[PDB]
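A.B. asks: Next up is a structure, given as structure tokens.
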Amino acid sequence: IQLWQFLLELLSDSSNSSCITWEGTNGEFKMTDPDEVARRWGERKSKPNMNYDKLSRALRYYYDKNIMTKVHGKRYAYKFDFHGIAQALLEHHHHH
DNA sequence: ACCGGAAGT
DNA sequence: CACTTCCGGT
């Protein structure tokens, strides 16, 4: 599993709204408990020293890969680049 | 908080 | 590999 899928997963179940939530359509989300989002991600990936600093670094690498952008000026808020994600899932299957 | 290089896995 | 680790810098 990958980090964007993970966040999508957390976001699909609105029962996790205490730690992450959609923030108006469409693509923007805010982590309402970024440490809790980080400890769940490390728990998932078997990396128990995962924190928000390290998580957000991984999000920043998504920037140049067109998967994610920052919502500038809003705390713990990012934006899915669905176009970039679509581009990738599609070129993936075309190729193999 | 957020950026991004650099090196590790 | 797709992150993780660490950190100087803003």
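Starting from 1 in every chain, residues are counted up; chains themselves are A, B, ... following the order of the structure tokens, and ligands are numbered from 1 as listed.
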Hey, list the chain B side of the contact with chain A: 9 Å cut-off, only C-alpha atoms (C1' of nucleotides), answer as a list in words.

C.D. replies: residues 1, 2, 3 and 4 of chain B

A.B. asks: Since we have the selection now, will you write its residues out, keeping N, CA, C and O atoms (P, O5', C5', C4', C3', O3' and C1' of nucleotides), as an mmCIF file, in the first residue's frame?

C.D. replies:
data_model
loop_
_atom_site.group_PDB
_atom_site.id
_atom_site.type_symbol
_atom_site.label_atom_id
_atom_site.label_comp_id
_atom_site.auth_asym_id
_atom_site.auth_seq_id
_atom_site.Cartn_x
_atom_site.Cartn_y
_atom_site.Cartn_z
ATOM 1 P P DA B 1 4.239 21.623 14.181
ATOM 2 O "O5'" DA B 1 4.052 22.543 12.887
ATOM 3 C "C5'" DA B 1 2.809 23.207 12.639
ATOM 4 C "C4'" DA B 1 2.798 23.881 11.276
ATOM 5 C "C3'" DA B 1 2.935 22.969 10.064
ATOM 6 O "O3'" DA B 1 2.170 23.501 8.990
ATOM 7 C "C1'" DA B 1 4.761 24.465 10.124
ATOM 8 P P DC B 2 1.864 22.612 7.687
ATOM 9 O "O5'" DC B 2 2.971 23.065 6.620
ATOM 10 C "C5'" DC B 2 3.270 24.383 6.300
ATOM 11 C "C4'" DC B 2 4.654 24.416 5.693
ATOM 12 C "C3'" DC B 2 4.997 23.353 4.647
ATOM 13 O "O3'" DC B 2 4.947 23.908 3.373
ATOM 14 C "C1'" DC B 2 6.799 23.904 6.076
ATOM 15 P P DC B 3 5.199 23.014 2.059
ATOM 16 O "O5'" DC B 3 6.778 23.129 1.818
ATOM 17 C "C5'" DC B 3 7.335 24.356 1.437
ATOM 18 C "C4'" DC B 3 8.842 24.267 1.348
ATOM 19 C "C3'" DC B 3 9.399 23.251 0.364
ATOM 20 O "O3'" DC B 3 10.033 23.951 -0.662
ATOM 21 C "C1'" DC B 3 10.609 23.233 2.429
ATOM 22 P P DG B 4 10.301 23.257 -2.080
ATOM 23 O "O5'" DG B 4 11.600 22.366 -1.815
ATOM 24 C "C5'" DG B 4 12.838 23.005 -1.624
ATOM 25 C "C4'" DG B 4 13.925 22.004 -1.290
ATOM 26 C "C3'" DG B 4 13.928 20.740 -2.149
ATOM 27 O "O3'" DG B 4 15.251 20.318 -2.275
ATOM 28 C "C1'" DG B 4 13.922 20.171 0.099
#

A.B. asks: Just need the residues of chain A within 8 Å of chain C, counting only C-alpha atoms (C1' of nucleotides), so spit them out as a ChimeraX atom specification.

C.D. replies: /A:2,54,58

A.B. asks: Separation of atom CA of residue A:46 and atom CA of residue A:59, in Å?

C.D. replies: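 Computing the Euclidean distance for atom CA of residue A:46 and atom CA of residue A:59 yields 18.3 Å.
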
A.B. asks: So which bits of chain A end up helix (DSSP H, G or I) when you DSSP the backbone, as JSON, numbers by chain?

C.D. replies: {"A": [3, 4, 5, 6, 7, 8, 9, 10, 11, 12, 14, 15, 16, 34, 35, 36, 37, 38, 39, 40, 41, 42, 43, 44, 45, 52, 53, 54, 55, 56, 57, 58, 59, 60, 61, 62, 63, 64, 82, 83, 84, 85, 86, 87, 88, 89, 90, 91, 92, 93, 94, 95]}

A.B. asks: Mind writing the picked residues with N, CA and C atoms as a short mmCIF file (atom, residue, chain, number, x, y, z; two decimals), in the first residue's frame?

C.D. replies:
data_model
loop_
_atom_site.label_atom_id
_atom_site.label_comp_id
_atom_site.auth_asym_id
_atom_site.auth_seq_id
_atom_site.Cartn_x
_atom_site.Cartn_y
_atom_site.Cartn_z
N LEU A 3 1.19 5.73 0.40
CA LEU A 3 0.71 6.79 1.29
C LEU A 3 -0.56 7.48 0.81
N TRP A 4 -0.66 7.80 -0.47
CA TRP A 4 -1.90 8.42 -0.97
C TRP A 4 -3.11 7.48 -0.85
N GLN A 5 -2.91 6.19 -1.12
CA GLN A 5 -3.98 5.21 -0.98
C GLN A 5 -4.44 5.13 0.47
N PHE A 6 -3.46 5.18 1.36
CA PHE A 6 -3.70 5.14 2.79
C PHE A 6 -4.58 6.30 3.26
N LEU A 7 -4.27 7.48 2.76
CA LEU A 7 -5.01 8.67 3.14
C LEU A 7 -6.40 8.65 2.56
N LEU A 8 -6.49 8.21 1.32
CA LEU A 8 -7.77 7.98 0.67
C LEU A 8 -8.60 7.00 1.49
N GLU A 9 -7.94 5.93 1.93
CA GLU A 9 -8.58 4.95 2.77
C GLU A 9 -9.12 5.56 4.06
N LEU A 10 -8.31 6.38 4.73
CA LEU A 10 -8.75 7.01 5.97
C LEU A 10 -9.88 7.98 5.70
N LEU A 11 -9.86 8.59 4.52
CA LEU A 11 -10.82 9.60 4.14
C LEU A 11 -12.15 9.00 3.70
N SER A 12 -12.10 7.82 3.09
CA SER A 12 -13.32 7.12 2.63
C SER A 12 -14.24 6.76 3.79
N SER A 14 -15.70 8.08 6.92
CA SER A 14 -15.84 9.37 7.60
C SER A 14 -15.84 9.24 9.12
N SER A 15 -15.65 8.01 9.57
CA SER A 15 -15.55 7.69 10.98
C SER A 15 -14.16 8.05 11.51
N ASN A 16 -13.26 8.41 10.60
CA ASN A 16 -11.92 8.85 10.97
C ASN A 16 -11.81 10.36 10.91
N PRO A 34 -2.67 15.28 13.06
CA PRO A 34 -1.56 14.83 12.20
C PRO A 34 -0.65 13.78 12.84
N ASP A 35 -0.52 13.78 14.16
CA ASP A 35 0.33 12.79 14.82
C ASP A 35 -0.37 11.46 14.80
N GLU A 36 -1.69 11.50 14.93
CA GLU A 36 -2.46 10.28 14.93
C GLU A 36 -2.47 9.69 13.53
N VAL A 37 -2.47 10.56 12.53
CA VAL A 37 -2.36 10.08 11.16
C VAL A 37 -0.98 9.46 10.94
N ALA A 38 0.05 10.03 11.56
CA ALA A 38 1.40 9.52 11.42
C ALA A 38 1.62 8.19 12.18
N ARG A 39 1.06 8.06 13.37
CA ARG A 39 1.30 6.84 14.12
C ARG A 39 0.53 5.68 13.50
N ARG A 40 -0.59 5.99 12.83
CA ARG A 40 -1.36 4.95 12.15
C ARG A 40 -0.62 4.47 10.90
N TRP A 41 0.05 5.39 10.23
CA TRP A 41 0.79 5.11 9.00
C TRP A 41 2.04 4.30 9.28
N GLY A 42 2.69 4.60 10.40
CA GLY A 42 3.86 3.85 10.80
C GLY A 42 3.46 2.47 11.29
N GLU A 43 2.36 2.42 12.04
CA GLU A 43 1.76 1.16 12.46
C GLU A 43 1.44 0.29 11.25
N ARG A 44 0.98 0.92 10.17
CA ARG A 44 0.63 0.18 8.97
C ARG A 44 1.85 -0.34 8.23
N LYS A 45 2.89 0.49 8.19
CA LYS A 45 4.07 0.23 7.38
C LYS A 45 5.16 -0.42 8.19
N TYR A 52 4.87 13.19 12.22
CA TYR A 52 4.38 14.13 11.22
C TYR A 52 5.46 14.76 10.34
N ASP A 53 6.62 15.00 10.92
CA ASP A 53 7.76 15.54 10.18
C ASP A 53 8.11 14.62 9.02
N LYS A 54 8.17 13.32 9.30
CA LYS A 54 8.60 12.34 8.32
C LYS A 54 7.48 12.07 7.34
N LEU A 55 6.26 12.05 7.85
CA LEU A 55 5.14 11.84 6.97
C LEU A 55 5.06 12.95 5.92
N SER A 56 5.11 14.19 6.37
CA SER A 56 4.95 15.34 5.48
C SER A 56 6.09 15.43 4.47
N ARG A 57 7.26 14.94 4.84
CA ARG A 57 8.34 14.85 3.88
C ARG A 57 7.93 13.97 2.71
N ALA A 58 7.34 12.82 3.03
CA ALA A 58 6.85 11.91 2.01
C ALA A 58 5.79 12.57 1.13
N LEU A 59 4.93 13.39 1.74
CA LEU A 59 3.97 14.16 0.96
C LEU A 59 4.67 15.15 0.03
N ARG A 60 5.78 15.74 0.48
CA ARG A 60 6.49 16.73 -0.34
C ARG A 60 7.12 16.11 -1.57
N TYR A 61 7.46 14.83 -1.48
CA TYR A 61 8.04 14.14 -2.61
C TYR A 61 6.98 13.88 -3.67
N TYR A 62 5.73 13.81 -3.23
CA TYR A 62 4.61 13.70 -4.14
C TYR A 62 4.43 14.94 -5.01
N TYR A 63 4.91 16.09 -4.55
CA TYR A 63 4.76 17.37 -5.27
C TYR A 63 5.28 17.30 -6.70
N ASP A 64 6.54 16.92 -6.84
CA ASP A 64 7.14 16.85 -8.16
C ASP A 64 6.63 15.66 -8.96
N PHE A 82 -5.79 14.52 -8.58
CA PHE A 82 -6.46 13.38 -9.16
C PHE A 82 -6.09 13.18 -10.61
N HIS A 83 -5.82 14.28 -11.31
CA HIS A 83 -5.37 14.22 -12.69
C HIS A 83 -4.03 13.47 -12.76
N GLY A 84 -3.08 13.83 -11.90
CA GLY A 84 -1.80 13.14 -11.88
C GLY A 84 -1.92 11.68 -11.49
N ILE A 85 -2.79 11.41 -10.52
CA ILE A 85 -3.02 10.04 -10.08
C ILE A 85 -3.65 9.24 -11.22
N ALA A 86 -4.64 9.83 -11.90
CA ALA A 86 -5.27 9.16 -13.03
C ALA A 86 -4.26 8.86 -14.13
N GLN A 87 -3.44 9.86 -14.43
CA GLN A 87 -2.36 9.73 -15.40
C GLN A 87 -1.49 8.53 -15.11
N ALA A 88 -1.25 8.28 -13.83
CA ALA A 88 -0.32 7.24 -13.44
C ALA A 88 -0.95 5.86 -13.44
N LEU A 89 -2.17 5.75 -12.92
CA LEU A 89 -2.85 4.46 -12.90
C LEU A 89 -3.12 3.98 -14.30
N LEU A 90 -3.10 4.91 -15.23
CA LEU A 90 -3.50 4.64 -16.58
C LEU A 90 -2.30 4.23 -17.42
N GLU A 91 -1.21 4.97 -17.26
CA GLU A 91 0.02 4.65 -17.94
C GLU A 91 0.60 3.35 -17.41
N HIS A 92 0.26 3.06 -16.16
CA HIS A 92 0.67 1.83 -15.53
C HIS A 92 0.07 0.63 -16.29
N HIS A 93 -1.24 0.64 -16.46
CA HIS A 93 -1.95 -0.48 -17.05
C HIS A 93 -1.74 -0.62 -18.55
N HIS A 94 -1.62 0.51 -19.24
CA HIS A 94 -1.24 0.49 -20.65
C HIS A 94 0.07 -0.28 -20.83
N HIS A 95 1.08 0.08 -20.04
CA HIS A 95 2.38 -0.57 -20.08
C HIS A 95 2.36 -2.03 -19.61
#

A.B. asks: Kindly give the distance, in Å, that separates atom CA of residue A:65 and atom CA of residue A:19, rounded to a single decimal.

C.D. replies: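 Computing it gives 25.4 Å between the two atoms.
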
A.B. asks: Write out as a list in words all residues of stretch 10-67 of chain A that backbone DSSP assigns to strand (DSSP E).

C.D. replies: residues 21, 22, 28, 29 and 30 of chain A

A.B. asks: Could you check how far atom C1' of residue B:6 sits from atom CA of residue A:29, in Å to one decimal?

C.D. replies: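 Value for the atom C1' of residue B:6-atom CA of residue A:29 distance: 29.5 Å.
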